[PDB]
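# before the rest arrives, take these chain(s) from the complex:
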Amino acid sequence: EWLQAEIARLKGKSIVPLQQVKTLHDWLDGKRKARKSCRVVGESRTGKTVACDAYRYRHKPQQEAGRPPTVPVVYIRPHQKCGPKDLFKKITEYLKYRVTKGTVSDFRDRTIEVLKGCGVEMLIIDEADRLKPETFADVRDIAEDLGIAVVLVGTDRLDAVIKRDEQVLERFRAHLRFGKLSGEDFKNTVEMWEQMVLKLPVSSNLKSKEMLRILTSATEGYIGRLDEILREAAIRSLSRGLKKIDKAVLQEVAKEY
Amino acid sequence: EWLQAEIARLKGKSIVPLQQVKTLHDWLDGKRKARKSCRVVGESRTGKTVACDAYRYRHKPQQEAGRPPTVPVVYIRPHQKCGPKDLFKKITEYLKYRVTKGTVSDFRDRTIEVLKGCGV
């Protein structure tokens, strides 16, 4: 059944090239070369997490020689209230090295060893908002000691916790800001989304004035919300038998979500 | 005594389906297939337990092989002042798995493992 292919494609998420993503990538390469830690702060549903993964996928571990592979970029996600011991364990596991059992100081020695062995040009701490307040001291330790550029990708609370420790604020003074979509940028993103993401047989002219206004008001510049609503209404049209999303279909979803 | 048999029936547990239950069931199957989290807000003693039980009755896990059962839905009730450890423990017990000993990080890993095995 052909319809199952459309359903399956729409169920899964994807990556859609955007100006914001390329901006972040061009910014990140400079600090990787410069070996200087940075900060990234923006709202949720802006796609910053997607751009982080997209940056990491381009740079992979190279193992031509028989020796350990060089992982230039490490991306990790600490859990809620993640402590120093747990944070070190995550880094060790990311590098395919056995995690020895012991106290926090032992884990620290193990982590420094495995980080020195590989290249590690950049270390990324994803959603540092849930990172424990005590950990920002050990993160700074690694930053100064190993010459590894460290990037913190978090929300607004990050600014709150960073300011309390004068040294941690000194370590990551500079930052890049993520924002929301608006105006012509939002409209262009919506039309480009219809051309790239949506596989519906007939274009609904979502860039038209009668429907693009609904998308503008409902998504409120959140690329995540835009993704959700577009994919959902697009899937819904097909069971009824529609080649394109209708204005009423667009209105029905936003009220529920 | 026949009278006492009727009394035992009257003092027992039973279900009378309501329009609230059917409406919620349709919406819940929608949210389940859509895989979207949501809330349900309303007054107590309005059949919340009945809705939960009648929904759970429709989807019954089947375990024809030694692999983990094909469980579509998980059902838990957090205790008063429930912490993270308790959420993890209740999810683990519901799916018929041994509760690990240790801290919240260990419980978290254990819970994700058991959740990943089944459909959930």
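Thanks, I have the structure now. Numbers count the residues shown, from 1 in each chain, chains lettered A, B, ... in the order given.
# and the closest residue to chain B within the stretch 101-250 of chain A, what element?
The nearest approach of the stretch 101-250 of chain A to chain B comes at residue A:232, 7.4 Å away (Cβ to the nearest Cβ). All C-beta spots, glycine's among them, are computed from the backbone N, C-alpha and C. According to DSSP states H and E, residue A:232 maps onto helix A:223-240.
# now do residue A:190
Remark: residue A:190 resides in helix A:183-196, with elements defined by DSSP H and E.
# list the buried residues in the helix or strand following that helix.
Sequence-wise, the next helix or strand downstream of helix A:183-196 (DSSP H and E) is helix A:209-219. Within helix A:209-219, the residues scored as buried using 16 or more other Cβ atoms under 10 Å in any protein chain shown are A:211-212, A:214-216, A:218-219.
# helix/strand/coil for the residue in the stretch 1-150 of chain A that chain B sits nearest to?
Using Cβ to the nearest Cβ, the single residue of the stretch 1-150 of chain A nearest to chain B is residue A:86, 5.5 Å away. On the three-state scheme (DSSP: H, G, I helix; E, B strand; the rest coil), residue A:86 is labelled helix.
# got it, and the one 10 residues further on?
Here residue A:96 takes the coil state, with states given by three-state DSSP.
# residue contacts, the spatially most central residue of chain A?
Residue closest to the average C-alpha location in chain A (Cα atoms, centre = their mean): residue A:49, at 0.8 Å. Shown in contact with residue A:49 (Cβ atoms under 8 Å, 6 or more residues apart in numbering or on different chains): A:126-127, A:153.
# and if we set it to 7 Å?
residue A:126 (Cβ atoms under 7 Å, 6 or more residues apart in numbering or on different chains).
# phi, psi of it?
With angles defined as degrees, to the nearest 10, residue A:49 sits at phi -60, psi -30.
# the one 4 residues further on too?
The phi and psi values for residue A:53, taken as degrees, to the nearest 10, are phi -60, psi -40.
# next one: residue A:98
Residue A:98 adopts backbone torsions of phi -60, psi 140, taken as degrees, to the nearest 10.
# what's the closest non-adjacent residue to the residue of the stretch 101-250 of chain A closest to chain B?
residue A:253 (5.3 Å; Cβ to Cβ, 6 or more residues apart in numbering or on different chains).
# with the structure above as the base, add chain C:
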Amino acid sequence: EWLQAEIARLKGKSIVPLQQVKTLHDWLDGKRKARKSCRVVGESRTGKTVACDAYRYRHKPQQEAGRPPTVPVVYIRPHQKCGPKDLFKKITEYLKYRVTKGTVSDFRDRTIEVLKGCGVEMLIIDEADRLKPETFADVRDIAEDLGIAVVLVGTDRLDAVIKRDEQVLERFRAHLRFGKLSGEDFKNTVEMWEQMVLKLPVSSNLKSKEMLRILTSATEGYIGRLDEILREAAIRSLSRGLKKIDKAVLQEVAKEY
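Time to bring in chain C:
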């Protein structure tokens, strides 16, 4: 230098189909489908572990669905003086499952739990002798508790340790034996080697009376010796600029060993 690449290809490891290998794969698949335990006893340098690796390669752990992957074959190689914990831990790590902290009693149940999610009809234990008799009870607990075709790959010491327990003997009574290569069978294997593995552009005629004399004395019917000796002789002849192995070179390899 092209000669360097031509030389380097020979130092490589390769598998050559043989009569004994073909027998082993069918026999083990029969025991696997039957879910019944059996034993393996052969003299050293007979490639039975190579055949076990090949049998493991034939069956590929499929991941059709999100539910735990269906690994049908388990292959663990114990060390020296292995206890219950190391055995259980190797089973756990082989299936790519986290080794948690805790007691040995909990450790024993971790492996039992991970085994059910995957098929794991046949567990194959290479170097079964190097194990503790107090671990044979755990190994046989697998055979009694679950329908698992536990296979014990071992030498003569395996027989010696197994007979000391009637229960283990009854559970692992079925077995397979190996022989050696002699006479025309050895010459056939030698020519098969020369045509399948020898990377020299010109035939060395290793089935000649003189070369067969040297090889019969040097290998004594052991396939590992044949492999090693022929690779080394080919390299020694390449160092003199030849397209094939001279007779004196083969004799020199025999003298060194």
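# now that chain C has been added, could you go back to the contacts of residue A:49?
Applying Cβ under 7 Å, 6+ apart, we find residue A:49 in contact with residue A:126.
# what is the helix holding residue A:232 packed up against?
Counting contacts by 3 or more Cβ pairs under 7 Å, 6 or more residues apart in numbering or on different chains; DSSP states H and E, helix A:223-240 packs against helix A:2-11, helix A:183-196, helix A:209-219, helix A:247-256.
# go through the helix holding residue A:190 and flag the buried ones.
Quick answer for helix A:183-196 (16+ other Cβ under 10 Å): A:186-187, A:189-191, A:193-194.
# those into CSV, with extra columns for distance to chain C?
Putting the buried residues of helix A:183-196 into CSV (distance: Cβ to the nearest Cβ, whole Å) gives the following:
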residue, distance to chain C
A:186, 35
A:187, 38
A:189, 32
A:190, 32
A:191, 35
A:193, 28
A:194, 30
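# neighbours of the closest residue in space to residue A:171 that isn't next to it in sequence, how many?
Spatial nearest neighbour of residue A:171, excluding adjacent residues (Cβ to Cβ, 6+ apart): residue A:140 at 5.0 Å. Counted with other Cβ atoms under 10 Å in any protein chain shown, residues neighbouring residue A:140 total 18.
# what does stretch A:242-256 contact?
Residues outside stretch A:242-256 that contact it (Cβ under 7 Å, 6+ apart) are A:200-204, A:210-211, A:214, A:218, A:229, A:232-234, A:236-237.
# cool, and stretch A:35-48?
Applying Cβ under 7 Å, 6+ apart, the external contacts of stretch A:35-48 come out as A:20, A:31, A:143, A:147, A:149-156, A:158-159, A:171-172, A:174-180, A:222-225.
# selecting buried members of those in PyMOL, what would you type?
With 16+ other Cβ under 10 Å as the criterion, this PyMOL line picks the buried residues out of these:
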select buried, chain A and resi 20+31+143+149+150+151+152+153+154+155+158+171+172+176+178+222+223+225
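# about what we covered before: max pairwise distance over the contacts of stretch A:242-256: which two?
Using Cβ to Cβ, the contacts of stretch A:242-256 span at most 24.0 Å, a distance reached by A:201 and A:218.
# I figured the residue nearest to residue A:171 hits residue A:167, correct?
Yes. Residue A:140 lies in contact with residue A:167 (Cβ atoms under 7 Å); the separation is 6.3 Å.
# what's around the residue of the stretch 51-200 of chain A found nearest chain C, how many residues?
Going by Cβ to the nearest Cβ, chain C is nearest to residue A:101 of the stretch 51-200 of chain A, at 6.3 Å. Using other Cβ under 10 Å, residue A:101 is surrounded by 9 other residues.
# next up, chain D:
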Amino acid sequence: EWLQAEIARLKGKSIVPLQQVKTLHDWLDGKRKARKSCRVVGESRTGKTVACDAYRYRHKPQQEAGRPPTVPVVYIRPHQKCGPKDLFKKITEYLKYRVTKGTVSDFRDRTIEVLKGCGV
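Okay, chain D now, added to the rest:
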């Protein structure tokens, strides 16, 4: 590339002499001769770390004699929240001596021993 060599030289770290460093060195030498304990207080990113390290490189551990190397100056950087064990361990390792398994009392005795043997 010549330009890349100059750029790499700029990217590297070098040590420059300042009056603040000379003042610190004189102060520390006076204290060393008097064997009087003291402290150094200042703001971050002021470079006092480098000045102390520079004092260390002034005089190294002479080992010309047949007896163990004599270390006049020990310099350590304790990690975050280091207790009364890791400190002793770091001292011992800085003196190129083995670490023995034991308790805090054992580490304490071992540390006093290695501190008495060398000048320190």
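# once more on the neighbour count of residue A:140, with chain D this time?
Residues near residue A:140, counting by other Cβ under 10 Å, number 19.
# distance between the helix holding residue A:190 and the chain's centre?
Chain-centre distance of helix A:183-196: 20 Å, with Cα atoms, centre = their mean, to the nearest Å.
# same deal with stretch A:167-181?
On Cα atoms, centre = their mean, the centre of stretch A:167-181 falls 15 Å from that of its chain.
# next one: stretch A:36-53
Per Cα atoms, centre = their mean, the centroid offset for stretch A:36-53 relative to its chain is 6 Å.
# quick one: it near chain D?
No. Stretch A:36-53 lies out of reach of chain D by Cβ under 7 Å from any Cβ of the partner chain, never closer than 10.7 Å.
# can you check stretch A:88-101 too?
No. Stretch A:88-101 does not reach chain D (Cβ under 7 Å from any Cβ); its nearest approach is 11.8 Å.
# run a quick neighbour tally on the nearest residue to residue A:95 once chain neighbours are set aside.
The spatial neighbour of residue A:95 that comes closest, neighbours along the chain excluded (Cβ to Cβ, 6+ apart), is residue A:114 at 5.0 Å. Residue A:114 is flanked by 22 other residues according to other Cβ under 10 Å.
# same question, the one 4 residues further on
Around residue A:118 there are 17 other residues, counting by other Cβ under 10 Å.
# that one against residue A:72, yeah?
No. Applying Cβ under 7 Å, one finds residue A:118 not in contact with residue A:72, separated by 8.3 Å.
# what is in contact with the two at once?
In contact with both residue A:118 and residue A:72: no residue, using Cβ under 7 Å, 6+ apart.
# quick one, what contacts the closest residue to chain D within the stretch 101-250 of chain A?
The minimum distance from the stretch 101-250 of chain A to chain D, using Cβ to the nearest Cβ, falls at residue A:137 (5.0 Å). By Cβ under 7 Å, 6+ apart, the contact set of residue A:137 is residue D:80.
# ditto for residue A:92
Neighbour list for residue A:92: A:99, A:110-111, A:114 [criterion: Cβ under 7 Å, 6+ apart].
# which non-adjacent residue is nearest it?
residue A:99 (5.0 Å).
# what's the neighbour count on that neighbour?
17.
# then residue A:257?
Counted with other Cβ under 10 Å, residues neighbouring residue A:257 total 13.
# now do residue A:128
Neighbours of residue A:128 using other Cβ under 10 Å come to 28.
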